[PDB]
Amino acid sequence: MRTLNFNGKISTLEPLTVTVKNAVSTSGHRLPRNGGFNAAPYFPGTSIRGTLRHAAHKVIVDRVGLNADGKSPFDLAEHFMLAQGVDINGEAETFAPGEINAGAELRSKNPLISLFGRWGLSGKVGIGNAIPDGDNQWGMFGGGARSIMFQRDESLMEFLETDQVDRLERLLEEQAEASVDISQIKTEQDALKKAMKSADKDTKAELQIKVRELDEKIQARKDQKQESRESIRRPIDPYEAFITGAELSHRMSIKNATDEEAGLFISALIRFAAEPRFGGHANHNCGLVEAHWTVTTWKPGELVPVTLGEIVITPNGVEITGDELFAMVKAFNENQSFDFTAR
Amino acid sequence: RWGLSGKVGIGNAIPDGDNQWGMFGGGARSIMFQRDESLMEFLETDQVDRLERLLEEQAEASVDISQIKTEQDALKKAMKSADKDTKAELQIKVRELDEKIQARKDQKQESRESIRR
Amino acid sequence: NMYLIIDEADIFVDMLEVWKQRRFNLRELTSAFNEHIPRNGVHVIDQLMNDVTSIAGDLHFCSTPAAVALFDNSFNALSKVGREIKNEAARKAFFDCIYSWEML
DNA sequence: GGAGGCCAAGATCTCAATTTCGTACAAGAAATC
DNA sequence: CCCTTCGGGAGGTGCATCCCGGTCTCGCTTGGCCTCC
RNA sequence: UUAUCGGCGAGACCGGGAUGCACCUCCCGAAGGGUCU
């Protein structure tokens, strides 16, 4: 029942990216900025929390074990409760008085839920943001252009029958015509929006519905195309990610953690270390991390923390230091009195 | 595919050491006939005339495109010391210059493109 | 012995608000250290010299967010050059100069 | 036995509800510390 | 001394929560009663 | 300024849950050459 602070650094073995709806705009995929528009970007603590929560959910699934066919005893509702904390049956009341003291037993018998709370139960684990140490440690990656296969390589043409080469010719001509159409209508739309800049507030709305008319006409010229819905050839807009080798300071807290809850958290860290993937862009191998955490504890009333040990996650292995971290992991592994099929 | 997560992630290639990157290629496409005179002897006299009208028209296009680009970059300096929202008219002007350049290109018969580039 | 009549004191103060300045002229600093010159670092000084003109524009003083950000970044990017001066005494003189600028 | 202090009781009543936002540049002179 | 190349194609969709719980007062006198001088 | 003077005050954690992710090769063309004990 002590507070554990994992203070440490995440080194990015591959670029680390995330797409937050509010963070992104018409420009493209952009990391959250940690403040204003130009503030130094940070990796959401929400993405880290979700990744480690799903890692812990898989840990609990493996610990409970799988039947012969490979299925887990947990109900679908139980899976959602453990990993995302949404009561699909809708039997989770927010402030039902009678669960006031059932929280302690629920935490004791469900270490994952105590660690990662639910709607109405506070989560003991707070997974903070990862903020880069240095500056200019982010950049646009993933910039690309989907290209016709049979124009990059001609040896793929000898594999197509006559009717399929004719199909590719109709597709190419529909793409060129669609392109000329959507390009002239977007080249009138962009100057129309470059007139919306100097706009009378009322005229904002009229030029806006003009923009939406042009958008509807772009979507009907796309719904007109027979061969393809979307043009095969196109530039893929890059996404914003932390550079490779970026050092991001990270801070995670387990408030009043029992030995077994912290052990479950460390097991979650290990299982995430099996696949150290954060954020997204699993294509391009983005998200791979090498993170090291110094676990410090602080008995309330003491003037200094005590460093229990260090949790080093590297591609070469997971190193655990300190007898206390080993003790917590072993306590979690040896506690058979956990029940997750019942919230 | 679109909507089906790909199990494979192909990371970026990160150099180990410093340096290990630089400018390659470069060079310049050239007129074959100032490089080797022997190819004059394969071409017929009419084609020699065509090649020498091609040399003269490419060279006059070159010099005049050049003085054009020179005033264009002096105007780019003006833009680098222009104000906010006054440079957009100079940019309309630049796009017009560009169109003009591409038309000058068009109306050069066969050899629309500079050869010795 | 002398008495002072500051005629048009309004403009006097208004431009005093400019005269409350000391021009850290990178060309002057470039010119000042012409023997202890880490010429490789000049590019940084040249790049910053470009940025100032872009933010300052035609102004002797300009209050856009870039200006202070460029000020801090320029002195940090000059602190990079600070570990390039070869002569230690010149290096410390340069370090003290930027440190005086940094604290000022 | 008189003089302070704490506490309960006493008649009904008179009145009305916002709905965030500033400000958008020029140059005077120069042996500068 | 030459001379700085054209272009091509810029997404498709999802989903936007549940709930609490909104105070005492007091603008005056007066005697009845309960303790102290 | 039709009088004189009168702090309105004391207490409260709003908190609790969520990976935004899923697909794209940007490639195609080129001799920079000649010139001087």
If one compares the long axis through the Cα atoms of helix A:259-274 with the longest principal axis of the Cα atoms of chain A, the angle in degrees, nearest 10, works out at 30
Sorted by chain and number, the residues with a modelled amide H under 5 Å from that of A:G309, at a separation of 5 or more or across chains, are A:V295
Can you run phi through the Karplus equation (6.51, -1.76, 1.60; θ = phi - 60°) for segment A:282-294 and list ³J(HN,Hα) in whole Hz, with x for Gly and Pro? 4, 5, 6, 6, 6, x, 6, 10, 10, 10, 10, 10, 9
Using only DSSP helix segments of four residues or longer, with each worth -39500 (n - 2.57), what per-residue ellipticity at 222 nm results for chain C after dividing by its residue count and rounding to 500? -21500 deg cm²/dmol
Cβ charges +1 (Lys, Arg) and -1 (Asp, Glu), total dipole of the protein assembly as shown, debye: 1340
If the cut-off is a Cα-Cα distance under 16 Å, which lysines reach A:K201, setting aside same-chain residues fewer than 8 apart in sequence? A:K193, A:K210
dims of chain C, Cα set, principal axes, largest to smallest, nearest Å -> 51, 38, 22
Say the dipole of chain B comes from +1 at the beta carbon of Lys and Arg and -1 at that of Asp and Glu; which of B:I101, B:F24, B:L4 then lies farthest toward its positive end? B:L4
Using amide H atoms built 1.01 Å from N in the peptide plane, name the residues 5+ places from A:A291, or on other chains, whose amide H lies under 5 Å from its own. A:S11, A:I313
Under 16 Å from the Cα of A:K124 - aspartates and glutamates, other chains or at least 8 residues apart: A:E105, A:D259, A:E260, A:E261
I need two numbers for segment A:179-301: Rg to one decimal and Dmax as a whole number, Cα atoms only, in Å. 25.8, 73
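Which value in deg cm²/dmol, rounded to the nearest 500, describes the helix-derived mean residue ellipticity at 222 nm for chain A, given -39,500 (n - 2.57) per DSSP H run of n ≥ 4 and division by the residue count?
Counting only the DSSP helices, I get -12500 deg cm²/dmol.
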Using only C-alpha atoms and all pairs of different ones, pull out the Kirkwood radius for the protein assembly as shown in Å with one decimal. 31.4
Need the C-alpha centroid separation for segment A:257-316 versus segment B:1-78, integer Å. 53
Run the quick spin-label model on B:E96 and A:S27: label points 7 Å from Cα toward the beta carbon, then report their separation in nm to one decimal. 3.2
Under a plain spin-label model, where a point goes 7 Å from the Cα along Cα-to-Cβ, how far apart in nm are A:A68 and C:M15? 9.7
Cα convex hull volume per residue for segment B:1-71, in Å³, equals 325
How many percent of Cα pairs in segment B:43-117 exceed 14 Å? 68
Filtered hits (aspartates and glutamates, Cα-Cα < 16 Å from C:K86, offset >= 8 within chain) -> C:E35, C:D96
Any of B:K84/C:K20; A:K299/A:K330; A:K194/B:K80; A:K186/B:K76 with alpha carbons more than 24 Å apart? Name them for me. B:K84/C:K20; A:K186/B:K76
Using modelled amide H (1.01 Å from N, peptide plane; none on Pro or chain starts), what sits under 5 Å from the amide H of A:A130, excluding residues fewer than 5 places away? A:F43, A:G45
Ignore the peptide's own chain and count Cβ atoms of other chains within 10 Å of each Cβ in A:13-26; give me the average, rounded. 1
With unit charges on the beta carbon (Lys/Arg positive, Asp/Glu negative), name the residue among C:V52, C:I6, C:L29 whose Cα is farthest towards the positive pole of the charge dipole of segment C:5-84. C:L29
Mean Cβ-within-10 Å packing, highest first, puts peptides B:14-21, A:210-217, A:37-44, B:96-103 in the order A:37-44, A:210-217, B:96-103, B:14-21
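Coordinate-derived values only; no laboratory data. Positions of Cβ are backbone-derived with ideal geometry, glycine not excepted, and every protein chain shown enters the neighbour counts.
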